[PDB]
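Enquirer: generate coordinates for the sequence data below:
(chains A, B and C, ligands or ions: 2)
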Amino acid sequence: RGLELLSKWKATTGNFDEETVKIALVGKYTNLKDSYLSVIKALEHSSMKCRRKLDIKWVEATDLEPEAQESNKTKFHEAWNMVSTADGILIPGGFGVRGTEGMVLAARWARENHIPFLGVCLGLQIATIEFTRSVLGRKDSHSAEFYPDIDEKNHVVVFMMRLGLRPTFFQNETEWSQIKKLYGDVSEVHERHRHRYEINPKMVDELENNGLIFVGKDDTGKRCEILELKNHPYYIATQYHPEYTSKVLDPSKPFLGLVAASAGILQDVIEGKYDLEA
Amino acid sequence: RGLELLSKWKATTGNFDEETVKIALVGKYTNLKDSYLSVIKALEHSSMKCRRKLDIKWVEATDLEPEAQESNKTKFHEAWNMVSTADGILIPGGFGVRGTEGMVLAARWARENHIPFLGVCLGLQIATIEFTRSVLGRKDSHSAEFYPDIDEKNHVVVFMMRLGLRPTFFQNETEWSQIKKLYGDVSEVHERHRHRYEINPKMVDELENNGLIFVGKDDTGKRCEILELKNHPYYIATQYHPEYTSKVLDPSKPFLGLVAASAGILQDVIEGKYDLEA
Amino acid sequence: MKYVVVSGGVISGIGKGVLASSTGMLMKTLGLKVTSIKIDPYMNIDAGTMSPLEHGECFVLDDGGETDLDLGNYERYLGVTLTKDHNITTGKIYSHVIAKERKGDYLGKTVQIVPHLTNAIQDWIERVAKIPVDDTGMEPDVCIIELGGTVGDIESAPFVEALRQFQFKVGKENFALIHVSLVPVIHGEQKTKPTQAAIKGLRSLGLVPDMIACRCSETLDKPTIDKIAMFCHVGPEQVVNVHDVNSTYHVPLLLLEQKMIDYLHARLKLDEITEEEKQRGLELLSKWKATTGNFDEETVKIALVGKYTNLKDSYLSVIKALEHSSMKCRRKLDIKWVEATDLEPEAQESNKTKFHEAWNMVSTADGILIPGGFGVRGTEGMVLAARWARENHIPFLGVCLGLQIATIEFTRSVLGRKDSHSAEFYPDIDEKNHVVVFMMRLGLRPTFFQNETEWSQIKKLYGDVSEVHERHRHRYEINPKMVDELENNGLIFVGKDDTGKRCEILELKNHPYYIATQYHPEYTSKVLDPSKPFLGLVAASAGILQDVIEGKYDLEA
Ligand SMILES: Nc1ccn([C@@H]2O[C@H](COP(=O)(O)OP(=O)(O)OP(=O)(O)O)[C@@H](O)[C@H]2O)c(=O)n1
Ligand SMILES: Nc1ccn([C@@H]2O[C@H](COP(=O)(O)OP(=O)(O)OP(=O)(O)O)[C@@H](O)[C@H]2O)c(=O)n1
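Expert: Residues are numbered from 1 along each chain as shown, chains lettered A, B, ... in the order given. Ligands and ions are numbered 1, 2, ... in the order given. Okay, here it is:
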């Protein structure tokens, strides 16, 4: 295991010496770059598997808003150029509500135009709010955070906060899935969580029938743990935070798929053209 | 009139010697730059009234499409950077159907985010298709060019082709209008036309009630000649081609408003801070 | 943009300003950017000629213009910095059109009250309504326009023409009008007819009221509302009533509980106007519930000692600055009004009865306040009031002439020097306590704390910030030659100007609260942010000054 760790180090090092991938990371207060540290490292570990140079564009989510155009026009154009340039979009599981309105438009941009996407925690919440707000109509729908609207809340409280390593199980028909292929066809995964809200189970049949297929759920089958949009090149979200289990020799699979699809190489990464030793 | 023409020449010349405005012109085959010659000259005449340097970004409308992202990704990012950068959007009255799907997304971009806009001919058609396709829902709606859909045609045939100088009359309540202010509060205007389609009169009450107010119509009141979106900084379209009456000392009013609002100075141009002689 | 006129009545003095800025305070509850214009029918261009005896106190702007006194009521209610242009006056607008007449800007046409002057008034209102008076540089979303005088005056006729034409230059569903009108009660019955005759007057000039608001001695009877609404183009739910309330700061809650805004929201279609505004709306309501709670939830007695205190509007800003601070301390304010000249040793033989009333007030009070009086007359009594609070540890604030008199007294009693006097007694020369400094010093100027004075009670109330910004109105300052003697004896000048030559604040070392300011701090007191020199005076009069500085009385945790 000592000699193998050196060989795997020579491999990830070789993958740095041996083309760029541009990713827009869109969230609240991206100026505070340590506040997203795990997300950056999870993109780095995966980018060395793809042999491709990582270029994170930092977007303040609020600068995407239609209101920002009259308030602070210059930064609004910088934000939209980054979103328009990027080979992939990433909504990183932000803190609090402020960025939400711009993060919706970033999710819409990658739903419609076939840009690779990953939503983490609040990013799954916003992948579901957007798919509701644009595919089902339902323009009033919002996070459960906007409590007094009641009837149009996209989410429900589930305090059990849900924390720590919990399992997640693939739905047994979803053999088509890009993400459950990256997990090696294993029956279940184990992941870290930090959430007080989940997508309202009442709506999930409507989302599954329209193609926002929830390819992974919890032990009970009541909780929304993963989604994949059917017949898109790579549009994933996770309710968990996968960046809290990314390792330098074993990159976290939802982030590996985002980089590999941004590189246009996702098929060949799944088929095994990029493992470190034969 | 000789001495006055020299004074007015010294004025437009002074307005060139005496800051940039960036405008995205979005249409079919913008590579063929002589095919939009009148539109360019109408933007130049107006830009010398605003004392501001004109920078037309040329966008191929088809490169904005969600399909272009997999087909020709590089040019699709260049097209979207131009749309995202511009201080104003202009849909120039293109020839044939090809560019339509991208021109819809350019009109949506300026409806939602408060970007100044002018639609000319096919641009009014696409301002109305977009406002239908996004404000009324009605996602199947299209130009009358897609004939066999029947029920969802946004337009109707009116061959009389309508051509040459015809009048247009303001609707008598629309005192709020930015465009009818630029025309000096005169009761009517006279303009050139080249159209075989008009917006279907059956729908126009729905569009007027939702705020896409048709501030100008023909002698009969049956024909859609101008629209202004109520409570937007500058979102105009004209069924006529106003670039066929722009002159170097008297710029065509729909194009003067587009430049002046892109410069953020529209109020002061209407109030008279930029006429050539006191 | 949106606009709200407040106008009207059969009488001047009916209640407009409280219905005006109060309506504007509630526009801010919605998160809106808000501004205000007061249209005055009088012919003075500014209050700079107007002596403080009639029309009252020359209120002073950030821009240092001597405005109409009422503008202040809008800088407290809304929390905005207005400008010299927000006070339209009949003398100001005739001057502006007459200037353009001699410059020839009318291209040799004859110039007429209609349309040229009524265009000028509309062009002024829409000009001024662009100015960003609010806590961020974006143009306002609503303007409150208060029309002074009464509709049907020969002095207010140009403005009701200009406003009528403005109902079209601006659209309906962007402009609305509140008309304030009288319901006299005689023989115990509410009579509607003065509202009918004044609404007949209003529609004659062509304005139509979207609300009526009544001055009445009572709650309007259900039939009185019906008999006004049967005679005007308003529903019975838009006959508003500003009745007797516990204090003037309750009026915006009274208007909101009468569903006044739940109509203006629809009538001005205000759904047509960011998260920052929506939050700042909810915060303004929370801060209103706090100052209101601080009224419902013990008395502080303050002697205000000055010239001609009978003329109570002449001290209006000072009263409001004491009210804003008293709601932070949760304590009921009781201003004793003292004529300064009735304290004098000469008054004892001249008018003995009033002299005892004056001295009982000074002896009773928990704090003393010398308010920045006009002219010399009161000075001799104001010295004895400052002496009374120097010696016995009574809390004190001196404003302008009050710092002058705090320094004259400390000179006249701590240094001996019994001949010393204001520079106003010019021919004494050698014993003048002050020096001329005409630059009059006016408007918002900075003041900087002296860098060692960490002990200071006043620079603690300012939050340990390095400098402050304040309004001034002075032609005299304390003579710099003497200031070392005063600093060495303990009258420490804890704040000075940019040069360090000018005496801007004093605090007497080792006294519970003895402050004076050369500036007028009452011209920046706001209802949610009370002016710090007045907060210290109330809090020390309450004996709670330490705990106010430590933070036991901020509105939200
Ligand atoms: N927000 C306000 C409004 C008014 N007042 C005080 O109330 C009196 C004047 O009230 P106002 O509303 O102006 O009514 P009047 O001037 O009496 O009458 P009008 O309606 O003509 O203004 C003055 O003490 C003024 O300072 C106040 O302290 N705060
Ligand atoms: N017919 C009149 C009478 C007076 N004024 C002017 O408008 C002001 C209104 O003040 P007001 O309070 O009406 O004073 P009075 O006329 O005495 O009314 P009151 O008796 O209520 O003071 C007057 O000062 C005067 O400037 C006017 O324009 N038209």
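Enquirer: residues of chain A that sit close to chain B?
Expert: Residues of chain A lying near chain B by CB under 8 Å from any CB of the partner chain: A:66, A:69-70, A:76-77, A:80-81, A:83-85, A:112-115, A:137, A:233. Heads up, the C-betas are built off the backbone N, CA and C, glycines and all.
Enquirer: filter the residues you listed down to the buried ones and express that as a PyMOL selection.
Expert: A single PyMOL command selects the buried members of the residues of chain A next to chain B (16 or more other CB atoms under 10 Å in any protein chain shown):
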select buried, chain A and resi 66+69+76+77+80+81+83+84+85+113+114+115+233
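Enquirer: quick one: secondary structure of the residue of the stretch 101-250 of chain A found nearest ligand 2?
Expert: The nearest approach of the stretch 101-250 of chain A to ligand 2 comes at residue A:148, 48.0 Å away (CB to the nearest ligand atom). Put simply, residue A:148 is helix when judged by DSSP: H, G, I helix; E, B strand; the rest coil.
Enquirer: widest-spaced pair of the residues of chain A next to chain B?
Expert: Greatest spatial distance in the residues of chain A next to chain B: A:70 and A:233, 35.0 Å, computed using CB to CB.
Enquirer: residues touching the nearest residue to residue A:191 once chain neighbours are set aside, list them.
Expert: Nearest non-adjacent residue to residue A:191, counting by CB to CB, 6 or more residues apart in numbering or on different chains: residue A:240, 3.9 Å away. For residue A:240, the contact set (CB atoms under 8 Å, 6 or more residues apart in numbering or on different chains) comprises A:120-121, A:166, A:168, A:191-193, A:225.
Enquirer: top of these by neighbour count?
Expert: Most neighbours among these, by other CB atoms under 10 Å in any protein chain shown: residue A:120, with 28 neighbours.
Enquirer: quick one: the helices in the stretch 151-278 of chain A?
Expert: Along the stretch 151-278 of chain A, counting by DSSP state H, counting those that start in this stretch, helices occupy A:178-182, A:201-210, A:253-262, A:266-271.
Enquirer: for the second one, give me every contacting residue.
Expert: Where contact means CB under 8 Å, 6+ apart, the residues beyond helix A:201-210 that reach it are A:128, A:131-132, A:135-136, A:154, A:156, A:199, A:214, A:222, A:224, A:227.
Enquirer: mind listing what's buried in that helix?
Expert: Buried, per 16+ other CB under 10 Å, within helix A:201-210: A:203-204, A:207.
Enquirer: next, format the residues you listed as a markdown table and append distance to residue B:258.
Expert: As requested, the buried residues of helix A:201-210 are arranged in a markdown table below (distance: CB to CB, whole Å):
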| residue | distance to residue B:258 |
| --- | --- |
| A:203 | 43 |
| A:204 | 46 |
| A:207 | 41 |
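Enquirer: would you confirm that residue A:243 contacts residue A:45?
Expert: No: using CB atoms under 8 Å, residue A:243 is not in contact with residue A:45; the gap is 9.4 Å.
Enquirer: tell me the gap between stretch A:33-46 and the middle of its chain.
Expert: The chain centre lies 13 Å from the centre of stretch A:33-46; the measure is CA atoms, centre = their mean, to the nearest Å.
Enquirer: let me fix that, I meant to ask about stretch A:86-93.
Expert: 7 Å.
Enquirer: got the end-to-end distance for that stretch?
Expert: 19 Å (CA to CA, to the nearest Å).
Enquirer: cool, and stretch A:184-193?
Expert: End residues of stretch A:184-193 are separated by 22 Å (CA to CA).
Enquirer: list the buried residues in it.
Expert: A:189, A:191, A:193.
Enquirer: where's residue A:258 relative to residue A:11, distance?
Expert: 21 Å (CB to CB, to the nearest Å).
Enquirer: looking at the two, which has the bigger crowd around it?
Expert: Using other CB under 10 Å, the more surrounded residue of residue A:258 and residue A:11 is residue A:258, with 29 against 17.
Enquirer: now the more buried one: closest residue in space that isn't a chain neighbour?
Expert: residue A:118 (4.3 Å).
Enquirer: and that neighbour, what is it in contact with?
Expert: A:88-91, A:236-238, A:254-255, A:257-258.
Enquirer: and the closest residue to ligand 1 within the stretch 101-250 of chain A, how many neighbours?
Expert: Here the residue of the stretch 101-250 of chain A nearest ligand 1 is residue A:148; by CB to the nearest ligand atom that distance is 32.0 Å. For residue A:148, the count of nearby residues is 5 (other CB under 10 Å).
Enquirer: ok, residues contacting the longest helix seen in chain A?
Expert: Longest among the helix segments of chain A by residue count, using DSSP state H, is helix A:2-17. Contact partners of helix A:2-17, identified using CB under 8 Å, 6+ apart, comprise A:48-49, A:51, A:248-249, A:276-277.
Enquirer: swap the cut-off to 10 Å and go again
Expert: If you take CB atoms under 10 Å, 6 or more residues apart in numbering or on different chains as the criterion, helix A:2-17 is touched by A:18, A:44-45, A:47-53, A:248-251, A:274-277.
Enquirer: tell me the contacts of residue A:49?
Expert: By CB under 10 Å, 6+ apart, the neighbours of residue A:49 are A:11-12, A:15, A:248-251, A:255-256, A:259-260, A:269, A:274-276.
Enquirer: quick one: which two of the residues you listed are the most distant?
Expert: Maximum distance among the contacts of residue A:49 (CB to CB): 18.3 Å, for A:11 and A:255.
Enquirer: now the residue of the stretch 1-150 of chain A at minimum distance from ligand 1: closest residue in space, sequence neighbours ignored.
Expert: Of all residues in the stretch 1-150 of chain A, the one sitting closest to ligand 1 is residue A:71 (30.9 Å; CB to the nearest ligand atom). Leaving out its chain neighbours, the residue that sits closest to residue A:71 by CB to CB, 6+ apart is residue C:274, at 6.7 Å.
Enquirer: mind checking how far the residue of the stretch 101-250 of chain A closest to ligand 1 is from chain C?
Expert: When distance is defined by CB to the nearest CB, to the nearest Å, residue A:148 is 12 Å away from chain C.
Enquirer: can you map out the strands along the stretch 101-250 of chain A?
Expert: A:117-120, A:155-157, A:162-163, A:166-170, A:188-191, A:194-195, A:197-199, A:212-217, A:224-229, A:235-238 (DSSP state E, counting those that start in this stretch).
Enquirer: nearest to chain B among the contacts of residue A:240?
Expert: Closest approach to chain B among the contacts of residue A:240 (CB to the nearest CB): residue A:120, at 22.9 Å.
Enquirer: and the closest one, what is it in contact with?
Expert: Neighbouring residues of residue A:120 by CB under 10 Å, 6+ apart: A:27, A:38-39, A:42, A:90-94, A:127, A:236-243, A:254-255, A:258.
Enquirer: let's see it at 7 Å
Expert: Counting by CB atoms under 7 Å, 6 or more residues apart in numbering or on different chains, residue A:120 makes contact with A:91-93, A:238, A:241-242.
Enquirer: same question for residue A:257.
Expert: By CB under 7 Å, 6+ apart, the neighbours of residue A:257 are A:178-179, A:182, A:234, A:236, A:266.
Enquirer: nearest to chain B, of the residues you listed?
Expert: Each of the contacts of residue A:257 was checked against chain B using CB to the nearest CB; the closest is residue A:234, at 12.1 Å.
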